[PDB]
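Per-chain residue numbering starts at 1, and chain names A, B, C, D, E, F, G, H, I, J, K, L, M, N, O, P, Q, R, S, T, U and V are given in the order in which the chains are listed.
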Amino acid sequence: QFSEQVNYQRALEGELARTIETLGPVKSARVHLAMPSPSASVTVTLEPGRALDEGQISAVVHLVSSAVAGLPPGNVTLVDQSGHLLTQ
Amino acid sequence: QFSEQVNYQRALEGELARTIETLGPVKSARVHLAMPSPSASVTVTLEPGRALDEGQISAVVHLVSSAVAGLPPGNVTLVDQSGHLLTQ
Amino acid sequence: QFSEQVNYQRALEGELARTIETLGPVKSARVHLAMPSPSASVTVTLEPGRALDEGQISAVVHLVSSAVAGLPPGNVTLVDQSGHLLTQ
Amino acid sequence: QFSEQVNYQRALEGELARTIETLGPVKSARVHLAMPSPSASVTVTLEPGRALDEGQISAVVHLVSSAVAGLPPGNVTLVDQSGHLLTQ
Amino acid sequence: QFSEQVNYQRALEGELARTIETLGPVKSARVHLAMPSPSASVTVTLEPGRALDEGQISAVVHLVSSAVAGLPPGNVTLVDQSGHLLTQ
Amino acid sequence: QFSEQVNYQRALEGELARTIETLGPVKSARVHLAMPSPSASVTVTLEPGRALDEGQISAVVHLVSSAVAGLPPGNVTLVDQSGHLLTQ
Amino acid sequence: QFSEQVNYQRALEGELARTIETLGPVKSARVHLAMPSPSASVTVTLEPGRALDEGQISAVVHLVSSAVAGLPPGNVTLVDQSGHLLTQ
Amino acid sequence: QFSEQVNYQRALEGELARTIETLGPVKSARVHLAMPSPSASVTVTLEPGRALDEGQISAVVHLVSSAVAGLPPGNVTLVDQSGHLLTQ
Amino acid sequence: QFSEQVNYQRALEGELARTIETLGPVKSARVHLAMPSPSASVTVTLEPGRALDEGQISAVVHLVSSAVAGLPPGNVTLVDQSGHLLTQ
Amino acid sequence: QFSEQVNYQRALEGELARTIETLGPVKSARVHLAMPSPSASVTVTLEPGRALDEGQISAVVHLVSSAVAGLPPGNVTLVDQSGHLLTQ
Amino acid sequence: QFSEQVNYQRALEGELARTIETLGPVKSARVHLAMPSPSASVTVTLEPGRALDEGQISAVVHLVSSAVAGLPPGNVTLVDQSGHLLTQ
Amino acid sequence: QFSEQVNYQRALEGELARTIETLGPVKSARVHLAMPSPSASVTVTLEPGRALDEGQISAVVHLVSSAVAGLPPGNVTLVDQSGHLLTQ
Amino acid sequence: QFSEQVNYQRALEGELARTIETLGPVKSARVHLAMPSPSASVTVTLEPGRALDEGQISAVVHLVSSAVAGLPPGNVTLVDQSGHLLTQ
Amino acid sequence: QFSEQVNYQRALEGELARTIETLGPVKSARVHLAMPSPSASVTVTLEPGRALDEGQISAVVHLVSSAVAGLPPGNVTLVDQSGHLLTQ
Amino acid sequence: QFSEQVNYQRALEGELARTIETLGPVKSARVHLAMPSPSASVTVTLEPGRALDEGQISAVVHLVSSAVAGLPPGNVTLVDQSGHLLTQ
Amino acid sequence: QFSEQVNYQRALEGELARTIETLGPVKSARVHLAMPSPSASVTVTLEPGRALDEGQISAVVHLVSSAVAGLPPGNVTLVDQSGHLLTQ
Amino acid sequence: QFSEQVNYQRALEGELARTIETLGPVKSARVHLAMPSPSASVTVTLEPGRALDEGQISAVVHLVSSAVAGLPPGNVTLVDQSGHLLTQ
Amino acid sequence: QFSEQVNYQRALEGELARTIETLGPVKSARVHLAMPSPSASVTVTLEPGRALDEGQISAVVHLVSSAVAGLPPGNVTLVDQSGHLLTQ
Amino acid sequence: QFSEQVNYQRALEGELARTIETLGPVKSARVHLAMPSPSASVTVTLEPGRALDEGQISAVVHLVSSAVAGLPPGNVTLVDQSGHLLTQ
Amino acid sequence: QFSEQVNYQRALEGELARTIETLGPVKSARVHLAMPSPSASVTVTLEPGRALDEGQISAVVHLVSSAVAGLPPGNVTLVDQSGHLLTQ
Amino acid sequence: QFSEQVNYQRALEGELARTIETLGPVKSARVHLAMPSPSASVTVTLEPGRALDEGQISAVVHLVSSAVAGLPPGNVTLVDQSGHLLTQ
Amino acid sequence: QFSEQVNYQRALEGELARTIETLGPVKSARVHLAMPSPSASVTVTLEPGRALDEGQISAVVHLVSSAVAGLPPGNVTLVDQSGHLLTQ
């Protein structure tokens, strides 16, 4: 029963990261969820020579904040392939 | 029993995204639901050289807000293939 | 028991969309129901060079509002193949 | 037990629509019931070059309002093959 | 047990419609019952060049109102093969 | 148990109609019972060139009113092969 | 248990009608019982050129009123082969 | 258990009628009992050219009134082969 | 258990009637009992040219009144082969 | 258990009647008992040309009154082969 | 259990009558008991040309009154082969 | 259990009578017991030409009164082979 | 269990009588016990030409009174082979 | 269980009598016990030409009074082979 | 269980008597116990020409009084082979 | 369980008597115990020409009084092979 | 059940450390969680000739603080391959 | 369970006596215990020409008083091979 | 269940010590945990010619304090390969 | 269970005595324990020509007092191979 | 279950002693734990020609005090291979 | 279960004595524990020509006092191979 709600979360993370990949500047994403006040931590790896704008961050924040039950956008953490915590 | 209401949600998402594809400017959509106050996150990928108008957003918002039980249009999140969070 | 009331809803949607197809200007419809205050979202694809009039919308609204138990016509959402949310 | 009262409703709809076909101006009908305050939605397809008169609508309304338990004639919805919601 | 009181009603309807056929002006009848305040809806198809008189309607109304338990004659609905709701 | 009191009623109707046939002016009868305040509806088909007199109606009314438990003669309905409701 | 008290009543009716046949003017009788305040309905078919007198009716009434438990002579109904309800 | 007290009554009737046959003027009797205030109905068929006297009726009445438990002589009904109810 | 006290009564009747036969003027008797206030009904058939005297009746009455439990001599009914109820 | 106290009474009657036979004037007796206030009914058949005296009756009365439990001599009934109730 | 206390009484009677036989004037006795206030009834058959004296009666009375539990000598009944009740 | 205390009493009687035989004047005795206030009844058969004296009676009385539990000498009955009740 | 305390008493009697035999004047004894206030009855058969003295009686009385539980010497009964009750 | 305390008493009696034999003047003893206030009855058979003295009686009394539980010397009964009750 | 405490007592008696034999003047002893206030009865058989002194009695008394539980020396009974009760 | 505490006591007695044998003047001892206030009875058989002194008695008394649970030295009984109770 | 929530934590640690590896300056990470107020301890091994800036630490802190349920960023511990605790 | 604490005591006695043997002047000991206030009784057999001193007695007393649970030295009894109770 | 939370702790210790090895100056670590207020004891073995600085101790303290649930840094004990407790 | 705490005590005694042997002056010890206020009794056998000093006794006392649970040194008893109780 | 928490403690002791060996001056350690207020006792065997300093003792004390749950450093006991208790 | 906590104590004793052997002056130790206020008794056997100093005793005392749960150093007993209790 526990490996039921875990084999599922591992699929959500793999599905959520398949869309953020199909998003333009992102080359490959990697998201982990923390569903117990949940949280997430995207780890996008932007394409060579690119950088997400100030409104392109909320694109990837709300793309995950909304696809996960009860996850406000204040808990999503976005990080590049060069450190650089993009959220606040 | 849990994989009952999850194997179903995975089909809704795949059915909802099959209609948004058959919608003109959209080339391929990708929707995730967050049914626990539910939410959704469409990730349309518009056709080459196209952009959804201001009233073409509510088309795709209500197309999902209504096909999901108890989902107001204030929870649907629409995002292009170039970031650009279209909803508010 | 759950896949009982879901294998049925998937048939209603496929039956409701078979009639809206046999309706003249419509070439192919695609309806999803949201039976928990229910809702529906038709996605008609009008024939080449056609547009539903102001009274031809209530035709397709009541065609679905009445074929579904407890669904007022204020919850049915009609959308073309070019965005254009036709309902309100 | 549920597929008992559903395999039956699917037969009523197919029987009710077999009589409306044998009615003159109608070439082929298509009725769905909404038995939970029930409702119905006939979708007659009139013969080439024909139109139901003002008293020929109540013929098809009462033909269905009476063949279904507890269905007033104010819930039956009649629609042609050209939109044109005939009821009110 | 439910298909007991339904396989029976389907036989009553087929028996009631076999007598209305053997009634002179009628060529073929088609009756549905609505036993839950019950109702019925005969759909006689008169012989070529014929029309039921004002007292020939109560013949077919009471022929069904009486053959069904608890069905007043104010609930029976008679309709020709040309629309024309004959009852009131 | 239900098909017990129904396989029986179908035999009563077939027995009651076998006597009304052996009654002179009648060529073939057809009676349905409505045993729940019961009722009946005979559908005699008089011989070619014949008509039941005013006292020949009560013959066929009481012939059925008495052969059925608790059925007053005010509930029996007699109808010819030419409409013509004979009872009141 | 029900087909016990019905297979018996069908034998009483066939026995009661075998005696009324062996009664002179009667050529063949046909009696149905209505045992729930019971009733009966004899349908004698007098011999060619004969008619039961005023005291020959009570012969056939009491012949049945007494052979059936709790059946007063005011409930027995006698009818010829020419209509003609003989009782009152 | 019911066919116990019925297979017996059918034997009493056949035994009671075998004695009334061995009684002189009677050629063949036929008695039915109505044991629930019981009753009986003898149907003697007198020999050719004979008639039971006024005291020869009580012979056949008490012959049956006494051979049946709780049956007063005021409930026995005697009838010839020519109608003619002999009792009162 | 019922056919126990009935197979016995049928033997008493056959034994009681075997003694009344061995009684002189009687050629063959035939007695039925009515054991529930019991009763009996002897049906002696006197020898050719004989008649039971006034004190020869009480012989056959007490011969049966005493051989049956609780049967007073006021309930025994004696009848010849020529009607003629001998008791009172 | 009932055929226990009946197979026994049938033996008592056959034993009691075997002694009354071995009694002189009697050629063959035939006694029935009525054990529920019991009673008996002897049916002696005296030898050719003989008659029991006034004190020879109490011989056969007490011979049976005493051989049966609880049977006073006022209940024993003695009868010849020529009627003639000998007791009182 | 009943045929236990009856197969025994039948042996007592046969034993008691074997002693009264071995008693001189008696040639063969025959005793029946009435054990429920019991009673007995001896039926001695004296030797040819003999008669029991007044004190030879109490011999046979007490011979039985004492061999049976609770049987006073006032209940024993002695009878010859010529009637003649010897006791009182 | 009953044939236990009866197969025993039949042995006591046969043992008690074997001693009274070995007593001189007695040639063969025959005793029955009446054990429920018990009693006995000896039936000695004295040797040819002998008679028990007045004190030879108490020999045979106490010989039985004492060999049986609770049997006073006032209940023992002694009788010869010539009647002659010897006790009182 | 009863044949336990009876097969034993029959052995006591046979043992007690084997000692009284080995006592001189006695040739053969025969004792019965009456154990329920018990009693005994010896039946000594003295040797040819012998007689027990007045103190030789108490020898045989106490020889039995003491060998039996609860048997006073006032209940033992001694009798010769010539009657002659020796005790009191 | 009863034949347990009886097979034992029969051994005590046979053991007690084996010692009294080995006692000088006694040639063979024979003792019975009466264990329920118990008692005993020795039956010594003195050697030819011998007699137990006044103090040789208490030898055989106490030899048995003490070898049996609860048996006072006032209950032991000693008797020779010539009657002669030696105890008191 | 009873033959447990009896097979043991029979061994004690045989063991106690084996020691009294090995005691000098005694040639063979024979002791019985009376264990329920117990008692014993030794039956020593002194050697030819010997007699136990006044203090040689208490030797054999205490030899048994002490080897048996709860047996005072006032209950032991010593007897020679010539009567002569040695104890008091 | 009883033969448990008896097979043991028989071993104690045989062990206690094996030590008293290995004691000098004693040639063979023989002890019985009376364990229920217990007691013992030694029966030493001194060597030819020997006698236990006044303090050699307490040697054999305490040798047994102490080897047995709860046995005071006032209950041990010592006896030679020549009577002579040594204890007091 | 315990190895369920441990086999999972070991996978989280291996997944969390696979992303921190794909982060630029980090060559290989190694994270342990302390889920009972949880904690974590990353052990990044920076690429040859590199050092995480002051805002590149919060990148790796929030990358783990958010991917673990209920883990504040004040509990995450970051350490290089040269000691140097980077967090506070 | 009893032969458990007895097979053990028999081993203690055999072990305690094996040490007292290995004690110098003693050649062979023999101890019995009386464990229920316990006691013991050593029976040492001193070597030829030896005698235990006054302090050599307490050696063997405490050697046993201490090796047995709850045994004071006032209960141990020491005896030589020549009587001579050494303890007090 | 206990070897569940012990086979796990043995893995934590082996995992925690695998990271401290990959830390630069450390050549091989060895950590034991004391999870019941838990504790740990690292036993680092620094590389040849090296010594952990004052801030390089907190690196290894927090590396373990945080990877273990509920372990403050005041309980971690760090020790070199040359004694030298580094913590406080 | 008892032979559990006895097979163990027998091993303690054999182990405790194996150390006292390896103690110098002692050649072979032999200890018994009295564990119920326990006690012990060592039986050392000193080497030829040796004697334990006053402080060499407490060596062997405390060597046993401490190796046994709850055994004070005031209960240990030490004895040589020449009597000589060494403890107090 | 007990050998569970003992097979584990034996492994802790063997693991704790494997680290103290890898500590420089120590050549081989040997630790025992006393987990019930626990305790430990290390028994280090320093390398040839070495001695632990005053701060090198707390290294080995805290190395064990911390690796064992609930063991203060005041309970650890350190001892060399030359006695010399190093702790206090 | 008992041989569980005994097979363990026997291993502790064998392990504790293996360390005291590896201690320098000691050649072979031998310790017994008394775990119920526990105690121990070491029996060291010093090397040829050696003696434990005053502070070398507490080495071996605390080496055992600490390796055993709840054993104060005031209960440990140390003894050489020459008596000489070293503790107090």
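One rule holds for everything that comes next: a residue touches a chain if its C-beta (ideal position, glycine included) is under 8 Å from a C-beta of that chain, and two chains touch if they have at least 3 such contacts.
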item: Degree value of the rotation bringing chain E onto chain S, based on Cα positions, nearest 5; value: 100
item: Chain I-chain L separation of Cα centroids, rounded to whole Å; value: 50
item: Inter-centroid spacing, chain V versus chain S (mean Cα positions, whole Å); value: 34
item: Centroid distance [mean C-alpha coordinates] between chain O and chain G, Å; value: 111
item: Chain-level touch network, classified as line, ring, star, complete or other; value: ring
item: Going from chain E towards chain F, every chain in order around the ring; value: E, F, G, H, I, J, K, L, M, N, O, P, R, T, V, U, S, Q, A, B, C, D
item: Touching residues on chain G, where the partner in the complex is chain H; value: 1, 4-5, 8, 12, 15-16, 18-19, 22-25, 52-53, 55-56, 58-60, 62-71
item: Touch list for chain G against partner chain F, complex; value: 2-3, 6, 30, 32-41, 43, 45, 75-77, 79-85, 87
